[PDB]
C-alpha cells in the first residue's frame, strides 16, 4: 500500500515574546495585572511555537494537536496586537517544502513580516503532518480506515483554506509550495485518497459490487483531475506524478472489475468480458510502467482468474458477443467525502491565553471617542466662559447693576458691597499675593528637575566617551550619545513647555500689578470702603422709573443666565459613558467598528441635552445685551452729567472691574499652580527614567 503525503516546511526560530511584550507594556499601566497576565501569555506563546515548529520530528497525533493548538492561538492573537498596521519587526522565515521555485535552484527561503504568512505556513504543516499520519494508518483495521479518512479530509480542507487565504494575507509572491495552484492540487490529492479509504472500507465490509464500483470510479475521477492538474506544471516532488497516474488506473481497473461482477449477475456475459479485458489492460500497464511505486499482482491474479473463467463459460456455453468499450454505459459515481472546513478552534480543549485582552479595533475607537467627547465638552465650556467674560465687561462699562442700586451717592451700592464681601471671604488680596509669590518657586522647582536630569545624561556620556578613547578594545558598547537621544528629545520638549509657561506667568504678573490697587480698595471694610468712593447728588427721579424696572429685570435674567452656566459646566464635566461594551457589540455582530457614526449618536444622547442648553444660553445673552444697551442709552439721558457723579461714576465702574479681575486672576493663578504641580509629577518620572538608564549602562 502506497499513499502520497507531504513533508513539513522548515522555519528558523524567532522570539515571539519580546516584540509582543514591548507593545503590551506600552498599552497598559506598568506594574499591574492587565500587564502581568499578558507577559506570562506571550512567553508561553513563544515556547509553544518552539514545540510546534522548532523541530520537524514527531509523527503522531500528540505532535499534531500541538500544531493545531498553535494555529488556533496565532489566529486568536491577530485581532489583538496591531499586525494590520506594519511596525512590528517580528519577521517570520520559512523554507519551501519541496525545494521548489520558479528559478534554477536547490532551496529557496522567504522572510516575511506578516502573521498571514505565519498562519498559512502553520496551516500547511498541520495539513502535511495530517497527511503523514493518514498514510501511516493500518488499513486492515477499522480505527485505521477511520483515522485515515478523517485526516485526509482534514488535509484537503486545510490545503484548500490556504488556497483561498494566501494572497490577501501574503502581500508578496508566496513560495511555490503555498501558492494557490499547488495547494489546490494537494487538496484534491488528499480528497482522492479519502475516497480511496472509503473504497477500501466498503470492500472490507463486503458491500454490494454496485456500490464498490461507484466509490472506486469516483476515486478515479478525483485522481484523474489531480493528474491532469500536474501535467502542465511541475511543482510537486518527483514521485507524486507517476503515483497519481498509477492510482488513477488502479481505481479505474477496480471500478471495472466490480461492474463486471454486476454484468455477470445480470447475465450480460460479453459485457463481463469487455470490462474484465479493460481492467487487465490498465493493470498490465500499471505493472510494467509504475512497478517502482505500486504492487498490483494480487489484483492482477484476481482479474485473470475472472477473465479466464468468464471466457471458458462464454466460448463453450453462452456464446455472448463481447462489445467494444465505446458502446458501454458509464459507471456512475458516488462521493462519500468532503474537504473539512477550517474553523478555529481546530484543536481539542482550546483556550485563548489572550482572550481577556481587548481588541486593538476597540482602543482605536475608545481613545478616538475621548478626543471627540473632549472636543465637545471643552468647546462648550470655553464658549460659556468667553460669553460670561464678555457680558461682565459690557455690564461694567455701563455701571450696571451699580447705577440702579445707587439711591443717593452716599453709600456703597448693594452689588459692590456683595462683591467686596465675596472677595474678603475668599481671603482678600492675601490669597492673590501668596499665589503670585509662589509661582516663581514652582517654576524654579521644575527647572531644577529638568536640569538635574539632563546633567545625569551628560555626566554618564562624558565618562563613556573617555572610556572609549582610553580602553578602545575593552570598551565597546553602543555610545551614550545614541542611547540618550530619545530622552534628550523629551528634554528639549519639556524646555519648550517651560517657556510657554513663563510667557503665561508674564500675562498674569502684568495683570496682577495693573489691577492690585483697585482690588485692595474693594477689600477694605464697609465704612472705610465707603469713605473712599466719592459722594454725589442723587438724580431724584429714580423712584419707580419704568426704564429702571426694565433694566432691573433685564439684568436679573442676565444674572439667571450666567448662574445657570455653572451647573451646565459641572454636568458637562461630571457625566461620562463607557463606550467599550458598545464597540464590543458592534464588532461581534458586524464586520468592523464604525466609530464615527456610532460615537456621534452616543455623544448626542449623553451630551445633547446639555449642548442644546449651552447654545440657548449664547442666543439668550445676545438678545439680552442688545436691548440692555438700547435701554441703558435711554436711562442715561434722564439723569445728568456733572463732575461729582462722573468721579463717583468712574470709581464705581472701576470697582466692578476690580471684582472681575480678582475673579479672573484667582482662576488664572490656580490654573498656573495646578499646571506647575502636575508638571512636577511628569518630571519626577522623567528624572527616574534618566537615573535608571544611567544605572543600567
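Whichever C-alpha set is largest while still superposing within 1.5 Å between the two forms counts as the rigid core. Numbering follows the first chain given and starts at 1.
Next item on the list: Once the rigid core is lined up, would you tell me whether 534 to 542 or 143 to 151 has the higher RMS CA deviation in 4 other deposited structures of this protein?
Entry: Stretch with the larger root mean square C-alpha distance in 4 other deposited structures of this protein: 534 to 542.
Next item on the list: Using RMS Cα distance over all structures and residues, flag whichever of 82 to 90 and 610 to 618 lies farther from this form in 4 other deposited structures of this protein after a core fit.
Entry: Taking the RMS over all superposed structures in 4 other deposited structures of this protein, 82 to 90 lies farther out.
Item checked: Higher-scoring stretch by recorded Cα B factor average, 216 to 224 or 142 to 150 -> Here the higher of the two C-alpha B-factor means belongs to 142 to 150.
Next item on the list: Could you settle it for me: does 102 to 110 or 202 to 210 have the higher average Cα B factor in the PDB entry?
Entry: The deposited B-factors put 102 to 110 ahead on the C-alpha mean.
Next item on the list: Among 308, 593, 236, 287, single out the one with the highest C-alpha B factor in the record, please.
Entry: Among 308, 593, 236, 287, the PDB entry lists the largest C-alpha B-factor for 593.
Next item on the list: Return the residue from 444, 389, 182, 549 that has the highest Cα B-factor in the entry.
Entry: Comparing C-alpha B-factors across 444, 389, 182, 549, the top value belongs to 549.
Next item on the list: Among all modelled residues of this chain, ranked by Cα B factor, put residue 6 in the bottom, middle or top third, i.e. lowest, middle or highest.
Entry: Answer is lowest: the recorded C-alpha B-factor places it there.
Next item on the list: Place residue 304 in the lowest, middle or highest third of its chain's C-alpha B-factors, as listed in the PDB entry.
Entry: Residue 304: CA B-factor falls in the lowest third of its chain.
Margin query: Split into thirds by Cα B-factor across the chain's modelled residues, where does residue 451 land: lowest, middle or highest?
Written below: It belongs to the lowest third of the chain when residues are ordered by C-alpha B-factor.
Margin query: Could you place residue 275 in the lowest, middle or highest third of its chain by Cα temperature factor, using the values in the record?
Written below: Its C-alpha B-factor belongs to the lowest third of this chain's values.
Next item on the list: Please place residue 369 in the lowest, middle or highest third of its chain by C-alpha B factor as given in the entry.
Entry: Highest third - that is where residue 369 ends up once the chain's C-alpha B-factors are sorted.
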